[PDB]
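One chain follows as structure tokens, the form deposited without quinolin-6-amine (ES5).
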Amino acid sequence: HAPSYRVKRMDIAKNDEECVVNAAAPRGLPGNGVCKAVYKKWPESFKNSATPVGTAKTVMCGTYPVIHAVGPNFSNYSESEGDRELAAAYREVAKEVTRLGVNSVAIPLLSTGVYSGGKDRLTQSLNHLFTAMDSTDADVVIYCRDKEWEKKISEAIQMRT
């Protein structure tokens, strides 16, 4: 037992962890990017998966848990309301990870990309991720796709040890 954070630049649908967090689209839809990859790999986990912005809902695919976390779309939310809902989504992820009793979890950065409102939200989203997941016992593996983001996430991980 020595919980860590790691970052990998690859498709989260190929993760090596005991459960996955989906950067879920609202309304339980297949979405794009990460959510679409999750839909292609674990389509059964989208049965009644819809959950409001700021929340998370776990649906099993077989016995593999998919934690659907709906971050805010900053094109629709103000900066202050969106920040609150982004923090809350990660808090509900940490609660689901705890309830599931998993030893590890694969997580993407919520409210980035098409939900970012055209702004770079790495630091904002990653810091809410740390605040929530620091409360758990699980190994956390953060998944990104951009090479400069991998570098920055790795630097943030390094300066917490």
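Note that residue numbering follows the sequence shown and begins at 1.
If you look for the form deposited with quinolin-6-amine (ES5) bound, you will not find it shown, but the lines that follow are about it.
Original post:
Within a 4.5 Å heavy atom cut-off, is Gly33 in contact with quinolin-6-amine (ES5) in the deposited bound form?
Top reply: Contact check for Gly33: yes, within 4.5 Å of quinolin-6-amine (ES5) in the deposited bound form.
**OP:** Spell out, yes or no, whether the shortest heavy atom distance between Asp11 and quinolin-6-amine (ES5) in the deposited bound form is within 4.5 Å.
**Re:** Contact with quinolin-6-amine (ES5), yes.
Subject >> Exercise: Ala106 in contact with quinolin-6-amine (ES5) in the deposited bound form, heavy atom 4.5 Å >> reply: Although quinolin-6-amine (ES5) is absent here, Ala106 would stay clear of it in the deposited bound form, with no heavy atoms inside 4.5 Å.
Original post:
Hey, in the deposited bound form, does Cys144 get a heavy atom within 4.5 angstroms of quinolin-6-amine (ES5)?
Top reply: The answer is yes: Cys144 has a heavy atom within 4.5 Å of quinolin-6-amine (ES5).
Original post:
Which pick from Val53, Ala132, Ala37, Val59 sits with a heavy atom within 4.5 Å of quinolin-6-amine (ES5) in the deposited bound form?
Top reply: None of the others qualify; the residue that does is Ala37.
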